[PDB]
file work_32.cif (mmCIF, C-alpha atoms)
data_entry
loop_
_atom_site.label_atom_id
_atom_site.label_comp_id
_atom_site.auth_asym_id
_atom_site.auth_seq_id
_atom_site.Cartn_x
_atom_site.Cartn_y
_atom_site.Cartn_z
CA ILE K 1 -23.28 4.87 -48.15
CA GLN K 2 -24.74 7.24 -45.56
CA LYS K 3 -27.74 6.80 -43.24
CA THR K 4 -30.49 9.42 -42.69
CA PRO K 5 -31.30 10.25 -39.06
CA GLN K 6 -34.67 9.57 -37.46
CA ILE K 7 -35.86 11.93 -34.73
CA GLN K 8 -38.32 11.69 -31.85
CA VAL K 9 -39.10 14.67 -29.60
CA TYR K 10 -40.94 13.78 -26.37
CA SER K 11 -41.11 14.46 -22.63
CA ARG K 12 -39.77 12.12 -19.97
CA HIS K 13 -43.01 12.37 -18.02
CA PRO K 14 -46.54 13.21 -19.16
CA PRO K 15 -46.60 16.98 -19.53
CA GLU K 16 -48.53 19.15 -17.08
CA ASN K 17 -48.45 22.88 -17.76
CA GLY K 18 -46.42 24.53 -15.02
CA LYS K 19 -44.68 21.35 -13.80
CA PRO K 20 -40.93 20.85 -14.37
CA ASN K 21 -40.14 18.01 -16.77
CA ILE K 22 -37.44 16.94 -19.23
CA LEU K 23 -37.63 17.23 -22.98
CA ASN K 24 -35.89 14.55 -24.99
CA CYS K 25 -34.69 14.47 -28.57
CA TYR K 26 -33.78 10.88 -29.49
CA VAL K 27 -31.75 10.64 -32.69
CA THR K 28 -31.14 7.28 -34.39
CA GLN K 29 -30.28 5.57 -37.69
CA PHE K 30 -27.47 7.90 -38.69
CA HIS K 31 -24.00 7.39 -40.21
CA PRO K 32 -21.37 8.87 -40.08
CA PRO K 33 -21.39 9.56 -36.32
CA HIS K 34 -20.64 13.28 -36.52
CA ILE K 35 -23.93 15.05 -35.92
CA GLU K 36 -25.11 18.45 -34.67
CA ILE K 37 -28.17 18.56 -32.45
CA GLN K 38 -29.87 21.65 -31.04
CA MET K 39 -33.14 22.15 -29.20
CA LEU K 40 -35.31 25.22 -29.69
CA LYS K 41 -37.84 27.06 -27.57
CA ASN K 42 -40.19 29.39 -29.51
CA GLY K 43 -37.74 29.50 -32.42
CA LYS K 44 -34.62 30.18 -30.35
CA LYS K 45 -31.74 27.82 -29.51
CA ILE K 46 -31.78 26.52 -25.93
CA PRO K 47 -28.30 26.99 -24.39
CA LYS K 48 -28.29 24.18 -21.79
CA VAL K 49 -28.76 20.89 -23.65
CA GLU K 50 -27.09 17.68 -22.45
CA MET K 51 -25.98 14.86 -24.72
CA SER K 52 -25.64 11.16 -23.97
CA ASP K 53 -22.40 9.50 -25.02
CA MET K 54 -22.71 8.11 -28.50
CA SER K 55 -23.44 4.45 -29.16
CA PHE K 56 -24.25 2.36 -32.22
CA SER K 57 -26.66 -0.47 -32.85
CA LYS K 58 -26.36 -3.93 -34.38
CA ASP K 59 -26.97 -2.42 -37.83
CA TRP K 60 -23.93 -0.09 -37.46
CA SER K 61 -26.13 3.02 -37.14
CA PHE K 62 -25.44 5.51 -34.37
CA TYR K 63 -27.85 6.88 -31.84
CA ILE K 64 -27.83 9.55 -29.20
CA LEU K 65 -30.18 11.21 -26.76
CA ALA K 66 -30.23 14.95 -26.13
CA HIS K 67 -32.30 16.41 -23.31
CA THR K 68 -33.03 19.65 -21.48
CA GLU K 69 -35.00 20.68 -18.41
CA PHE K 70 -38.25 22.48 -19.15
CA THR K 71 -41.56 23.54 -17.67
CA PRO K 72 -44.27 23.12 -20.29
CA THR K 73 -46.90 25.84 -20.75
CA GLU K 74 -49.99 25.93 -22.94
CA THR K 75 -48.40 28.09 -25.62
CA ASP K 76 -44.61 27.50 -25.70
CA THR K 77 -43.33 25.66 -28.77
CA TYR K 78 -40.37 23.25 -28.71
CA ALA K 79 -38.37 21.60 -31.44
CA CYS K 80 -35.24 19.58 -32.03
CA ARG K 81 -33.09 20.35 -35.06
CA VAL K 82 -30.50 17.97 -36.49
CA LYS K 83 -27.74 18.71 -38.98
CA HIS K 84 -26.09 15.65 -40.55
CA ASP K 85 -24.12 15.07 -43.77
CA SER K 86 -26.76 12.63 -45.01
CA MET K 87 -29.14 15.58 -45.50
CA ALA K 88 -28.98 18.70 -47.66
CA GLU K 89 -30.66 20.80 -44.95
CA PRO K 90 -31.12 20.57 -41.18
CA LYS K 91 -34.19 18.57 -40.12
CA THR K 92 -36.54 20.11 -37.53
CA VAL K 93 -39.11 18.05 -35.56
CA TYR K 94 -41.63 19.72 -33.23
CA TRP K 95 -42.79 18.55 -29.83
CA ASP K 96 -46.37 17.29 -29.89
CA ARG K 97 -47.54 16.70 -26.34
CA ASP K 98 -50.04 14.10 -27.62
CA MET K 99 -47.15 11.99 -28.96
CA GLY B 1 -31.40 -17.76 -18.59
CA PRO B 2 -28.81 -16.87 -21.25
CA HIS B 3 -26.36 -13.99 -21.06
CA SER B 4 -24.09 -11.99 -23.36
CA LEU B 5 -20.90 -10.01 -23.17
CA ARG B 6 -20.49 -7.76 -26.19
CA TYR B 7 -18.05 -4.99 -27.06
CA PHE B 8 -18.87 -2.27 -29.58
CA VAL B 9 -15.77 -0.61 -31.02
CA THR B 10 -15.55 2.63 -33.03
CA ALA B 11 -12.56 4.18 -34.81
CA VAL B 12 -13.17 7.48 -36.59
CA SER B 13 -10.49 9.24 -38.59
CA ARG B 14 -10.54 13.02 -38.90
CA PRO B 15 -7.73 14.16 -41.20
CA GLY B 16 -6.22 17.54 -40.34
CA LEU B 17 -8.24 17.78 -37.13
CA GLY B 18 -6.43 15.26 -34.93
CA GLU B 19 -5.67 11.65 -34.14
CA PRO B 20 -8.54 9.28 -34.84
CA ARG B 21 -11.21 9.00 -32.16
CA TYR B 22 -11.29 5.51 -30.68
CA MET B 23 -13.95 4.03 -28.45
CA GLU B 24 -14.61 0.66 -26.79
CA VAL B 25 -18.03 0.16 -25.18
CA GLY B 26 -18.89 -3.01 -23.29
CA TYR B 27 -22.33 -4.50 -22.73
CA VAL B 28 -23.49 -7.21 -20.36
CA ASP B 29 -26.94 -8.38 -21.47
CA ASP B 30 -27.43 -5.33 -23.67
CA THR B 31 -26.56 -2.84 -20.91
CA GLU B 32 -23.43 -0.68 -20.97
CA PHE B 33 -21.03 -1.51 -18.12
CA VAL B 34 -17.65 -0.15 -19.28
CA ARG B 35 -16.34 2.46 -21.70
CA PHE B 36 -13.01 3.62 -23.06
CA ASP B 37 -13.01 6.93 -24.95
CA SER B 38 -9.68 8.06 -26.44
CA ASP B 39 -10.80 11.67 -26.69
CA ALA B 40 -9.04 12.75 -23.48
CA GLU B 41 -5.66 13.85 -22.11
CA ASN B 42 -5.41 10.66 -20.07
CA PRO B 43 -8.03 8.21 -21.43
CA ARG B 44 -8.96 5.42 -19.00
CA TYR B 45 -11.33 2.49 -19.00
CA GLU B 46 -14.22 3.53 -16.77
CA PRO B 47 -17.07 1.69 -15.03
CA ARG B 48 -20.46 2.60 -16.50
CA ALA B 49 -22.52 0.54 -14.07
CA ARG B 50 -21.93 1.18 -10.38
CA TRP B 51 -21.55 -2.54 -9.68
CA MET B 52 -18.31 -2.51 -11.71
CA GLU B 53 -16.68 -0.25 -9.10
CA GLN B 54 -15.93 -3.55 -7.37
CA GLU B 55 -13.07 -4.25 -9.78
CA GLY B 56 -9.74 -3.06 -8.41
CA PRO B 57 -7.09 -0.73 -9.90
CA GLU B 58 -5.24 -3.48 -11.72
CA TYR B 59 -8.35 -4.30 -13.77
CA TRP B 60 -8.71 -0.72 -14.97
CA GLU B 61 -4.99 -0.37 -15.68
CA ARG B 62 -4.85 -3.64 -17.61
CA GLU B 63 -7.98 -2.92 -19.71
CA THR B 64 -6.75 0.65 -20.30
CA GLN B 65 -3.37 -0.43 -21.67
CA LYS B 66 -5.00 -3.06 -23.87
CA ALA B 67 -7.45 -0.40 -25.16
CA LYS B 68 -4.60 1.90 -26.03
CA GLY B 69 -2.91 -0.99 -27.83
CA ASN B 70 -6.14 -1.60 -29.75
CA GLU B 71 -6.48 2.12 -30.63
CA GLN B 72 -3.04 2.24 -32.16
CA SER B 73 -3.70 -0.92 -34.17
CA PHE B 74 -6.96 0.58 -35.54
CA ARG B 75 -5.07 3.76 -36.45
CA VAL B 76 -2.98 1.56 -38.75
CA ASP B 77 -6.08 -0.23 -40.13
CA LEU B 78 -7.66 3.07 -41.16
CA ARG B 79 -4.58 3.75 -43.32
CA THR B 80 -4.66 0.19 -44.63
CA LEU B 81 -8.25 0.59 -45.80
CA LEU B 82 -7.53 3.87 -47.61
CA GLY B 83 -5.11 1.66 -49.57
CA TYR B 84 -7.42 -1.29 -50.23
CA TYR B 85 -10.08 1.12 -51.49
CA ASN B 86 -7.77 3.62 -53.19
CA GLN B 87 -9.35 6.45 -51.20
CA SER B 88 -7.82 9.87 -50.65
CA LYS B 89 -6.10 10.81 -47.40
CA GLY B 90 -8.50 13.71 -46.89
CA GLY B 91 -11.83 12.16 -45.89
CA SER B 92 -13.13 10.88 -42.55
CA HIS B 93 -13.82 7.16 -42.34
CA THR B 94 -15.09 4.71 -39.74
CA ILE B 95 -14.23 1.19 -38.68
CA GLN B 96 -16.69 -0.55 -36.37
CA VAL B 97 -16.52 -3.88 -34.58
CA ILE B 98 -18.97 -5.97 -32.62
CA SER B 99 -17.08 -8.63 -30.65
CA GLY B 100 -18.48 -10.92 -27.97
CA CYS B 101 -20.14 -14.05 -26.70
CA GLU B 102 -23.60 -15.32 -25.85
CA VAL B 103 -23.82 -18.11 -23.31
CA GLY B 104 -26.71 -20.39 -22.31
CA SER B 105 -27.87 -21.01 -18.74
CA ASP B 106 -25.37 -23.90 -18.54
CA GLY B 107 -22.48 -21.48 -19.11
CA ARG B 108 -21.61 -22.92 -22.52
CA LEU B 109 -21.07 -20.69 -25.58
CA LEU B 110 -24.25 -20.37 -27.66
CA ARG B 111 -22.92 -17.92 -30.27
CA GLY B 112 -19.79 -15.86 -30.80
CA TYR B 113 -19.51 -12.58 -32.69
CA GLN B 114 -16.65 -10.92 -34.51
CA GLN B 115 -18.13 -8.47 -37.03
CA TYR B 116 -16.50 -5.58 -38.87
CA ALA B 117 -17.91 -2.65 -40.82
CA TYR B 118 -16.20 0.08 -42.84
CA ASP B 119 -18.04 3.39 -43.31
CA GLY B 120 -21.16 1.77 -41.91
CA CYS B 121 -21.35 -1.19 -44.27
CA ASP B 122 -20.43 -4.84 -43.61
CA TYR B 123 -16.77 -5.57 -44.16
CA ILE B 124 -15.95 -8.98 -42.68
CA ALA B 125 -17.43 -11.38 -40.14
CA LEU B 126 -16.58 -14.64 -38.41
CA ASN B 127 -19.18 -17.24 -39.37
CA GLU B 128 -21.31 -19.28 -36.96
CA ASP B 129 -18.82 -22.17 -37.34
CA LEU B 130 -16.14 -19.99 -35.72
CA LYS B 131 -13.88 -21.42 -38.42
CA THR B 132 -14.53 -19.42 -41.61
CA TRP B 133 -15.02 -15.79 -42.70
CA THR B 134 -17.61 -13.91 -44.78
CA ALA B 135 -16.04 -11.04 -46.73
CA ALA B 136 -18.44 -8.43 -48.16
CA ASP B 137 -16.25 -7.02 -50.96
CA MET B 138 -12.94 -7.28 -52.79
CA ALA B 139 -11.05 -5.37 -50.09
CA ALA B 140 -12.28 -7.66 -47.31
CA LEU B 141 -11.02 -10.61 -49.37
CA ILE B 142 -7.50 -9.33 -48.73
CA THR B 143 -8.08 -9.29 -44.97
CA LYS B 144 -9.80 -12.65 -45.27
CA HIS B 145 -6.76 -14.26 -46.84
CA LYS B 146 -4.45 -12.56 -44.30
CA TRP B 147 -6.51 -13.92 -41.41
CA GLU B 148 -6.85 -17.36 -42.98
CA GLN B 149 -3.04 -17.43 -43.15
CA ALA B 150 -2.50 -16.41 -39.53
CA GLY B 151 -5.19 -18.73 -38.14
CA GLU B 152 -7.18 -15.75 -36.81
CA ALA B 153 -10.43 -17.70 -36.68
CA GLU B 154 -8.83 -20.18 -34.28
CA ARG B 155 -7.51 -17.38 -32.06
CA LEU B 156 -11.00 -15.89 -31.96
CA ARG B 157 -12.54 -19.23 -31.05
CA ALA B 158 -10.11 -19.60 -28.14
CA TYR B 159 -11.17 -16.14 -26.97
CA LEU B 160 -14.88 -16.77 -27.45
CA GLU B 161 -14.90 -20.15 -25.68
CA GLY B 162 -12.40 -19.13 -23.02
CA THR B 163 -11.67 -15.58 -21.98
CA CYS B 164 -15.04 -14.21 -23.06
CA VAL B 165 -17.18 -16.81 -21.28
CA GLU B 166 -14.99 -16.58 -18.17
CA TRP B 167 -15.17 -12.81 -17.83
CA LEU B 168 -18.95 -12.86 -18.46
CA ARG B 169 -19.21 -15.27 -15.54
CA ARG B 170 -17.28 -12.85 -13.33
CA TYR B 171 -19.28 -9.74 -14.35
CA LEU B 172 -22.53 -11.60 -13.75
CA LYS B 173 -21.34 -12.42 -10.23
CA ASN B 174 -20.67 -8.77 -9.56
CA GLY B 175 -23.80 -7.38 -11.20
CA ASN B 176 -26.48 -10.08 -11.39
CA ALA B 177 -28.73 -8.47 -8.78
CA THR B 178 -29.11 -5.28 -10.80
CA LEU B 179 -28.91 -7.15 -14.13
CA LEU B 180 -32.12 -9.05 -13.35
CA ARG B 181 -33.97 -5.73 -12.96
CA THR B 182 -37.42 -5.31 -14.44
CA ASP B 183 -39.75 -2.33 -14.33
CA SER B 184 -43.31 -2.97 -15.39
CA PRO B 185 -44.90 -0.51 -17.84
CA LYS B 186 -47.46 1.87 -16.41
CA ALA B 187 -50.16 2.17 -19.06
CA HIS B 188 -52.99 4.62 -19.79
CA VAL B 189 -55.13 5.53 -22.78
CA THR B 190 -55.57 9.03 -24.18
CA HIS B 191 -58.33 10.35 -26.45
CA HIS B 192 -57.73 12.76 -29.37
CA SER B 193 -59.87 14.54 -31.98
CA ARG B 194 -59.96 13.55 -35.65
CA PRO B 195 -61.91 15.18 -38.50
CA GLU B 196 -65.65 14.43 -38.75
CA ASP B 197 -66.88 11.42 -36.78
CA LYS B 198 -63.59 9.65 -35.93
CA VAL B 199 -61.34 9.75 -32.83
CA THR B 200 -57.83 8.54 -31.98
CA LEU B 201 -57.18 6.24 -29.06
CA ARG B 202 -53.56 6.26 -27.93
CA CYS B 203 -52.25 3.58 -25.63
CA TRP B 204 -49.18 4.59 -23.62
CA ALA B 205 -46.70 2.34 -21.81
CA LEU B 206 -44.21 4.22 -19.63
CA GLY B 207 -41.33 3.58 -17.28
CA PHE B 208 -40.54 0.01 -18.30
CA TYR B 209 -37.35 -2.01 -18.47
CA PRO B 210 -35.99 -3.86 -20.30
CA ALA B 211 -37.04 -2.08 -23.52
CA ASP B 212 -38.68 -5.14 -25.09
CA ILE B 213 -42.44 -4.85 -25.12
CA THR B 214 -45.57 -5.37 -27.22
CA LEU B 215 -48.67 -3.18 -27.43
CA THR B 216 -51.78 -4.29 -29.33
CA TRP B 217 -55.27 -2.92 -29.89
CA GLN B 218 -58.25 -5.30 -30.08
CA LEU B 219 -61.80 -4.70 -31.29
CA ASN B 220 -64.21 -6.81 -29.19
CA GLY B 221 -61.26 -9.04 -28.30
CA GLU B 222 -59.87 -9.47 -31.81
CA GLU B 223 -56.50 -8.10 -32.92
CA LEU B 224 -56.17 -5.23 -35.41
CA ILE B 225 -53.51 -5.88 -38.08
CA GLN B 226 -53.74 -2.83 -40.32
CA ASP B 227 -53.97 0.86 -39.41
CA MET B 228 -52.28 0.72 -36.00
CA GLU B 229 -49.86 3.62 -35.58
CA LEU B 230 -46.95 3.52 -33.18
CA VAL B 231 -43.54 4.88 -32.32
CA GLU B 232 -40.23 3.09 -31.96
CA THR B 233 -39.52 2.32 -28.34
CA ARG B 234 -37.58 5.23 -26.84
CA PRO B 235 -35.53 6.04 -23.73
CA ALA B 236 -37.17 8.23 -21.06
CA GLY B 237 -33.69 9.25 -19.95
CA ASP B 238 -33.83 7.70 -16.46
CA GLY B 239 -32.91 4.19 -17.55
CA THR B 240 -36.49 3.25 -18.51
CA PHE B 241 -38.31 3.21 -21.88
CA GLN B 242 -41.59 4.43 -23.41
CA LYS B 243 -43.81 3.38 -26.31
CA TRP B 244 -47.31 3.99 -27.63
CA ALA B 245 -49.65 2.47 -30.20
CA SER B 246 -52.78 4.18 -31.47
CA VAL B 247 -55.85 3.45 -33.60
CA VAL B 248 -58.50 5.60 -35.29
CA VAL B 249 -62.04 4.59 -34.32
CA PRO B 250 -65.64 5.84 -34.75
CA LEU B 251 -66.90 8.52 -32.37
CA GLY B 252 -69.15 6.79 -29.87
CA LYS B 253 -67.43 3.38 -30.27
CA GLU B 254 -64.41 3.88 -27.96
CA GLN B 255 -65.74 1.32 -25.49
CA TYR B 256 -65.45 -1.42 -28.11
CA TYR B 257 -61.65 -1.22 -28.07
CA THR B 258 -59.05 -2.52 -25.66
CA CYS B 259 -55.31 -2.04 -25.44
CA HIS B 260 -53.11 -4.94 -24.37
CA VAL B 261 -49.58 -4.55 -23.04
CA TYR B 262 -47.12 -7.46 -22.88
CA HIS B 263 -43.93 -7.10 -20.84
CA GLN B 264 -41.69 -9.45 -18.90
CA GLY B 265 -41.97 -7.29 -15.80
CA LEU B 266 -45.70 -7.90 -15.52
CA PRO B 267 -47.39 -10.69 -13.47
CA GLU B 268 -49.74 -10.90 -16.44
CA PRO B 269 -50.50 -8.75 -19.54
CA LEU B 270 -52.35 -5.46 -19.05
CA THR B 271 -55.78 -4.86 -20.47
CA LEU B 272 -57.15 -1.32 -20.64
CA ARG B 273 -59.62 1.05 -22.29
CA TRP B 274 -60.36 4.70 -22.72
CA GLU B 275 -61.75 5.88 -19.37
CA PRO B 276 -63.85 9.00 -19.93
CA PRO B 277 -63.29 11.14 -16.80
CA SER W 1 -12.47 -8.17 -21.09
CA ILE W 2 -12.34 -7.30 -24.78
CA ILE W 3 -10.09 -9.24 -27.18
CA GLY W 4 -6.87 -7.73 -28.53
CA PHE W 5 -7.52 -6.97 -32.18
CA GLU W 6 -5.36 -8.03 -35.16
CA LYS W 7 -4.62 -5.83 -38.18
CA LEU W 8 -6.83 -5.76 -41.28
#
call {"tool": "encode", "arguments": {"input": "work_32.cif", "output": "structure tokens"}}
result
Amino acid sequence: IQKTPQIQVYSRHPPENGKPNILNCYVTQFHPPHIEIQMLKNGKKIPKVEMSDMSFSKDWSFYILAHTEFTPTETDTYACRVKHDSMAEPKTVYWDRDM
Amino acid sequence: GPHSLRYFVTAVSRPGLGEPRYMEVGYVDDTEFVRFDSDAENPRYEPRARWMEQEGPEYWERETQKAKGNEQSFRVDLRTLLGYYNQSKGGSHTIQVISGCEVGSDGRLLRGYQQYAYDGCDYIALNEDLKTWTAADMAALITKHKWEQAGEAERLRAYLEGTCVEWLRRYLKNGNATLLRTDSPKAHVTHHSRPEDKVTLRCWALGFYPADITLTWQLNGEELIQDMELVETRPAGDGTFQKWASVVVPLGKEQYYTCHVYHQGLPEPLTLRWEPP
Amino acid sequence: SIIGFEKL
């Protein structure tokens, strides 16, 4: 069978508008390991996104962390979008600075 | 305390698009210390924790050649499994292995692992007795008989009680200082609006290591079982972890709630509340 | 050091 990915989008440090930070997209619980992860600022793909090397957990599911440098503002919107064979359509999850 | 040396192995076929992708990833006490990735022109075992840079050139050469031997053997196994399962040559498939040893503080083997999965489901595993196998399906029964014939379980036991324990001892010597690392969580509570006369209290724990932790919310010093929300513990990206747990409470009653944070890095558990600035 | 694996 195939496993459906779970996604968390969150900053490395507590966000302060105008202070440089790192935005993470942590993807877990997926199988097979081929996966396509992009991060989006105000609806547009962010070019410079780094990816950890892939690993898997005791339950055979893979996980990976994507991240990008960013400087949060009051109004900018961020999201992480994952395409994986376990899903008919890509899954988008938005950054909520309260989470 | 106890310690473990575990290797996580991945072999992924990709018909038409190349040779299979093979990976060996080693963990000492649940932290990555070495990695072989075949997806290169000249794939080499590499240190993944700076304290492994101690090992000399012969170590890397020897582990590299053994990795490449493993890779080629798994290339064969992928074909073998297409056969057992009567699957077409066209699809991508995965073989995964968890192999390793857990030792007690006395340096004796506590548990040994040799677990296999095909396409993300259990295939075969060495039992706790280190003598017998558990096969998950009719295909694994073939392998099981094969390995019963060749005395594979005995070979694995020799590895688990010998080689594996011995290397773990050596890696501990080279990396114990940094292996014993703890970082205590830094905690704080945030306050968030809900509809009508309710509010959300969110208790954050940040910058901790290892990842294991517990957050709880208490009302008047009594634990809340239902209705606590939380996220799975998650990497900050700098080698530390984050987590939060929240509860919904009545507006005006925030001061009746406390968050408690339990972590091995702490001198004692943290107790905190919403602090209206 | 990882074990040398045997065929399935």
call {"tool": "residues_around", "arguments": {"input": "work_32.cif", "residues": "residue 120 (chain B)", "least_positions_apart": "3", "cutoff": "8 Å", "atoms": "all atoms listed in the file", "output": "JSON, numbers by chain"}}
result
{"K": [1, 2, 31, 32, 60, 61], "B": [94, 95, 96, 117]}
call {"tool": "interface_residues", "arguments": {"input": "work_32.cif", "of": "chain K", "to": "chain B", "cutoff": "10 Å", "atoms": "only C-alpha atoms", "output": "PyMOL selection string"}}
result
chain K and resi 1-3+8-14+22-27+30-34+52-62+65-67+98-99
call {"tool": "resolve_selection", "arguments": {"input": "work_32.cif", "expression": "the PyMOL selection byres ((chain B) within 8 of (chain W))", "output": "ChimeraX atom specification"}}
result
/B:7,26,63,66,69-70,73-74,76-77,80-81,99-100,143,146,159,163-164,167
call {"tool": "write_last_selection", "arguments": {"input": "work_32.cif", "atoms": "C-alpha atoms", "output": "short mmCIF file (atom, residue, chain, number, x, y, z; two decimals), in the coordinates of the input"}}
result
data_model
loop_
_atom_site.label_atom_id
_atom_site.label_comp_id
_atom_site.auth_asym_id
_atom_site.auth_seq_id
_atom_site.Cartn_x
_atom_site.Cartn_y
_atom_site.Cartn_z
CA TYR B 7 -18.05 -4.99 -27.06
CA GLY B 26 -18.89 -3.01 -23.29
CA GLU B 63 -7.98 -2.92 -19.71
CA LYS B 66 -5.00 -3.06 -23.87
CA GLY B 69 -2.91 -0.99 -27.83
CA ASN B 70 -6.14 -1.60 -29.75
CA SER B 73 -3.70 -0.92 -34.17
CA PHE B 74 -6.96 0.58 -35.54
CA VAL B 76 -2.98 1.56 -38.75
CA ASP B 77 -6.08 -0.23 -40.13
CA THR B 80 -4.66 0.19 -44.63
CA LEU B 81 -8.25 0.59 -45.80
CA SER B 99 -17.08 -8.63 -30.65
CA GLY B 100 -18.48 -10.92 -27.97
CA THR B 143 -8.08 -9.29 -44.97
CA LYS B 146 -4.45 -12.56 -44.30
CA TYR B 159 -11.17 -16.14 -26.97
CA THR B 163 -11.67 -15.58 -21.98
CA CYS B 164 -15.04 -14.21 -23.06
CA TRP B 167 -15.17 -12.81 -17.83
#
call {"tool": "residues_around", "arguments": {"input": "work_32.cif", "residues": "residue 72 (chain K)", "least_positions_apart": "5", "cutoff": "8 Å", "atoms": "all atoms listed in the file", "output": "PDB file with C-alpha atoms, in the coordinates of the input"}}
result
ATOM      1  CA  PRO K  15     -46.600  16.980 -19.530  1.00  0.00           C
ATOM      2  CA  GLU K  16     -48.530  19.150 -17.080  1.00  0.00           C
ATOM      3  CA  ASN K  17     -48.450  22.880 -17.760  1.00  0.00           C
ATOM      4  CA  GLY K  18     -46.420  24.530 -15.020  1.00  0.00           C
ATOM      5  CA  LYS K  19     -44.680  21.350 -13.800  1.00  0.00           C
ATOM      6  CA  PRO K  20     -40.930  20.850 -14.370  1.00  0.00           C
ATOM      7  CA  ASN K  21     -40.140  18.010 -16.770  1.00  0.00           C
TER       8      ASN K  21
END
call {"tool": "atom_distance", "arguments": {"input": "work_32.cif", "atom1": "CA of residue 2 (chain B)", "atom2": "CA of residue 210 (chain B)"}}
result
14.9 Å
call {"tool": "atom_distance", "arguments": {"input": "work_32.cif", "atom1": "CA of residue 155 (chain B)", "atom2": "CA of residue 132 (chain B)"}}
result
12.0 Å
call {"tool": "resolve_selection", "arguments": {"input": "work_32.cif", "expression": "the PyMOL selection byres ((chain B and resi 51-60) around 12)", "output": "ChimeraX atom specification"}}
result
/B:26-28,32-36,43-50,61-67,167,170-179 /W:1
call {"tool": "decode", "arguments": {"input": "work_32.cif", "residues": "chain W", "atoms": "N, CA and C atoms", "output": "PDB file, in the first residue's frame"}}
result
ATOM      1  N   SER W   1      29.863  -0.526  12.179  1.00  0.00           N
ATOM      2  CA  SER W   1      29.998  -1.135  10.867  1.00  0.00           C
ATOM      3  C   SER W   1      28.754  -1.973  10.572  1.00  0.00           C
ATOM      4  N   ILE W   2      28.144  -1.743   9.416  1.00  0.00           N
ATOM      5  CA  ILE W   2      26.937  -2.476   9.055  1.00  0.00           C
ATOM      6  C   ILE W   2      27.286  -3.904   8.606  1.00  0.00           C
ATOM      7  N   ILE W   3      26.359  -4.836   8.812  1.00  0.00           N
ATOM      8  CA  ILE W   3      26.537  -6.212   8.364  1.00  0.00           C
ATOM      9  C   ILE W   3      26.572  -6.284   6.839  1.00  0.00           C
ATOM     10  N   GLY W   4      27.118  -7.371   6.307  1.00  0.00           N
ATOM     11  CA  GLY W   4      27.037  -7.645   4.882  1.00  0.00           C
ATOM     12  C   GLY W   4      25.754  -8.420   4.692  1.00  0.00           C
ATOM     13  N   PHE W   5      24.892  -7.967   3.791  1.00  0.00           N
ATOM     14  CA  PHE W   5      23.587  -8.606   3.643  1.00  0.00           C
ATOM     15  C   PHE W   5      23.608  -9.850   2.738  1.00  0.00           C
ATOM     16  N   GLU W   6      22.688 -10.775   3.001  1.00  0.00           N
ATOM     17  CA  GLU W   6      22.537 -11.988   2.197  1.00  0.00           C
ATOM     18  C   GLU W   6      21.262 -11.911   1.365  1.00  0.00           C
ATOM     19  N   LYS W   7      21.285 -12.523   0.184  1.00  0.00           N
ATOM     20  CA  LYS W   7      20.174 -12.433  -0.757  1.00  0.00           C
ATOM     21  C   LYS W   7      18.840 -13.002  -0.273  1.00  0.00           C
ATOM     22  N   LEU W   8      17.762 -12.371  -0.733  1.00  0.00           N
ATOM     23  CA  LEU W   8      16.396 -12.720  -0.359  1.00  0.00           C
ATOM     24  C   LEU W   8      15.885 -13.868  -1.212  1.00  0.00           C
TER      25      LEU W   8
END
